[PDB]
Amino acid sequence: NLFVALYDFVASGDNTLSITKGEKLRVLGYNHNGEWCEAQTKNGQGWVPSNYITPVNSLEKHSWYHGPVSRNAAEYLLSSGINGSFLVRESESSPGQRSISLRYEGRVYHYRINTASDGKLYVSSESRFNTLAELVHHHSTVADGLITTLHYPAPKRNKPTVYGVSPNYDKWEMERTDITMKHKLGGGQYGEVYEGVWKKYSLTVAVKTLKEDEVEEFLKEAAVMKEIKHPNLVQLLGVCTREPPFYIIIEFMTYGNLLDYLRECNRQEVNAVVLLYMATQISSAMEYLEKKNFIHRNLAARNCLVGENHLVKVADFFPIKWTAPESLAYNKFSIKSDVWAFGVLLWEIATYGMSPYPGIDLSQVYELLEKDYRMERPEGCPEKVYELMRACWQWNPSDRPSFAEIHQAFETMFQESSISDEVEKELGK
């Protein structure tokens, strides 16, 4: 059938098609993995990312329909809202289960959408509708059981994730001259990493360059990155590995590293909901690396990048404070030692980037960990979050939760409350 564009896409490659949000398209076919599709508009024919469009006969065409988003992710999306800001979401775990998340007087209210035996949808038993768009349209005029009216659909601000810049199989080599190299990133903090502009592809990029005094390591890094495909792990955009200097390209992350971001942010804007949103994106990324059996070895807030709308990406650019005991004693690294490091990262988030083990000499850390000493619950930290850190910090690696269990815990943690209320109580008690 017919499709509608949900996001703007600017033609870059020769086989690509420029599209505007709201525009109709006919879909001719798909690329090797279904992530790109060949579409036809009134302006032409060409390749577009599949997730930038949706059938005209689908719920995703509505600005208020955010699809599979969690209770907590909905609270984040509405944190920038006003009274009447709202969205409709589906449960990822239990398909077909929908809810309304509505902002009123700085709080988010969640309502289950009920289905009758004849298939009619309702929030209030007296007001049943044949379709979801009719239910939404009704509660957009009268509250009729909701705290207030549904007036402002929450914006879908971040563009969907696209792995690379091409629909074609293993086309990663790009043209060096198409990038205008600017200054070194973060005032030389990351080494041979530069800010660049990729005009052809309409991107601001971060470019890692190879200079004399290891080619084999730089090539292995590009090769590893080709297989890392998750919305919260840095996505490789392309390489220049034919002639020197060798390039590795990713999209530039506006707000730099997470550690400095936590330390320098506006704490009124970056509240408990925003902090939980960032921790959950990191846990999703680590669940993905766990499935791939990939050992990160360097998980810390300093190794995470912050983009627009608090989009967090795990990357890999004193470290004793993040290191598991078996790794310190026997140089044994595993997914379970990444779990330990995640617990410390959670403590960095819970404190707005404080340095771990305050007042403790680095030479005494292992000895203290052995006697079952652990960092104290940060001030304002909800007990359930501190229990998770304590689970990550189990002496024995096999006693530690897996990243799939950590992610599941976050998504079922404040299922009948708000982390903002939990933090409020801990700051009071």
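In case it trips you up, residue 1 is the first one in the sequence shown, and so on.
The modelled chain breaks between residue 213 and residue 214, where 1 to 3 residues of the deposited sequence lack coordinates. Unmodelled stretch separating residue 317 from residue 318: 10 or more residues (count of deposited-sequence residues without coordinates). Taking the mean C-alpha B-factor of each stretch as recorded, 122-130 and 140-148 are not equal, and the higher mean is that of 122-130.
The deposited model assigns a higher average Cα B-factor to 266-274 than to the other stretch when 266-274 and 231-239 are compared. Annotation for 163, 347, 322, 194: 194 ranks highest, by Cα B-factor. In this structure the maximum Cα B-factor among 181, 279, 339, 154 is found at 181. In this PDB entry, the Cα temperature factor of residue 209 sits in the top third of its chain's modelled residues, the highest group. In the PDB entry, residue 107 places in the middle third of its chain by CA B-factor. Among the modelled residues of its chain, residue 62 has a C-alpha B-factor that falls in the lowest third, as given in the PDB entry. Among the modelled residues of its chain, residue 42 has a C-alpha B-factor that falls in the highest third, as given in the PDB entry. In the PDB entry, a CA B factor belonging to the middle third of its chain's modelled residues is recorded for residue 34.
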